[PDB]
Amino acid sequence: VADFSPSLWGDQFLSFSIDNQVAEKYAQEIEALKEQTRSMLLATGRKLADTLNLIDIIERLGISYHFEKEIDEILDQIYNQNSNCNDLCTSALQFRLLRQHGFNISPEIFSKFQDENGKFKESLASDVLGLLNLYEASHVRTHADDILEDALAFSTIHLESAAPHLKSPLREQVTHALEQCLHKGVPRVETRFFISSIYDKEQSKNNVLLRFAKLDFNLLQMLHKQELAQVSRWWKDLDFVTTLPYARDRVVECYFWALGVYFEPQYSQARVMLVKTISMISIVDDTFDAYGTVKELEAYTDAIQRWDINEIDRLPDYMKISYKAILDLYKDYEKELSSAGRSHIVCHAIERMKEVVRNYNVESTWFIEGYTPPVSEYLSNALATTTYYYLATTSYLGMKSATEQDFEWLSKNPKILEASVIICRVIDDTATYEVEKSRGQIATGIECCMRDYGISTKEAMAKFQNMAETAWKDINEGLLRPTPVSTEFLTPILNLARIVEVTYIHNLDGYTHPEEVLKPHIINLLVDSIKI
């Protein structure tokens, strides 16, 4: 029965008229602050620590997307010079920034901070700025970085101990880091927090950078607001709120998801297309889970595979609405890309959609039979039901630079994509185990793991956590140069992994239950603008 809570928002987003006067004002001053900030990056005689801090600040402020070349060449130069700025803070920052950019900098730089036993000198426990940067850096480690195996536990215990007596805004920056690291967090979300809660309150803040950050964030927010309005109208013209009452109305939440994948203005068309897909597949998921019967679902799955409007008659009236909306959406996609001549790539997203549906069917079949497959079998089916292979393929649709070779690479299920999918699965299964078990779904991850290995619930979740950790180290390795495809195409995958982490931060389904997790984010990103 129904159960799902209605949209918290309402028509709050259908309407958005951009005051073109304020937009142009912001744009004009931004361009000036842009070159001022560019000149700052091009400064000659700056120290390593100062240069790393500048780059770090510009990134955290969310304005680094304007200087991808400038920042790259500086980090490239820093990578090849191998200068030993000897302190922990500068070292950890140097490590993180280079790694996040693909530069495979050796982790032995952390040797000078460890004793002959390989552990961190407990004497560094009084260096907060060093401990903090080390904490952030501990989240970007790969499988070849065992030198940092105790870095997270080290920095954490000492950061928690020192936190209560630190001056603001440092105290808040640390408290926030311990709750959410920079690397595994959503870009806009972390930027919003840095700009308003940290940098603005920083005594040594650079006013030009703060002004730039605030204006830019607010200007882009106007675009996000426009996009969300366009997708809200599109969502109402479908009126699935009344025709398909069993489904979830989370179009705003789906926009947040697409905004987490990419926020840059150039990805406007991409975000819009992606929001429509997530929203659409959410219904298909809602159909197989809380509505359709064994027969109906089998007819639906088969209909999707054929991908022809003629098969609509075999489907009951309510499924006819879903089925047609889906084909039309893809016809719209083909039409949007008709201009550039990138219509020939829509099929990739479709083949992935069919895959998701096949597994949705298998998932229900297992539920009916009361099947509890071994972990091996479970994953071979449950990985696609996360829809991550699908969403990742979709994100490329609007990306004007995406070629055939990029989709070709993605179809082979790369390790980075594979890792991203695993994280989404493991995290969802750890959070939703108990709830799904109460509904009779004994085919869930933790359950399969428990009976397959003969371990308790605690051990099963603990092992799943290790799978996510491994997946994270795998994602970190995928970013390292030479990348199989352009970095532009690896970020969406990375972001997808970031969104799950952030959504299930309180170990609860954030999409189905937005209010506690997603609500604040949506308010801070799509409602309230950073007050200047």
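Just count from 1 along the sequence shown to find any residue number.
Averaged over CA atoms, B-factors in the entry run higher in 294-302 than in the other of 294-302 and 209-217. With 99-107 and 179-187 compared on mean CA B-factor from the PDB entry, the stretch scoring higher is 99-107.
Considering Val174, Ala431, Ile423, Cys89 together, the PDB entry gives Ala431 the largest C-alpha B factor. Note on the listed residues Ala137, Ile309, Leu75, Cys254: the highest Cα temperature factor in the record is that of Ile309. Looking at the C-alpha B-factors along this chain, the one for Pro316 belongs to the highest third. Per-chain ranking of the deposited C-alpha B factor places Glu436 in the highest third. In the PDB entry, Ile530 places in the middle third of its chain by CA B-factor. Ranked by Cα temperature factor within the chain, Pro169 sits in the lowest third according to the deposited record.
Split the chain's modelled residues into thirds by C-alpha temperature factor. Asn476 is in the lowest one.
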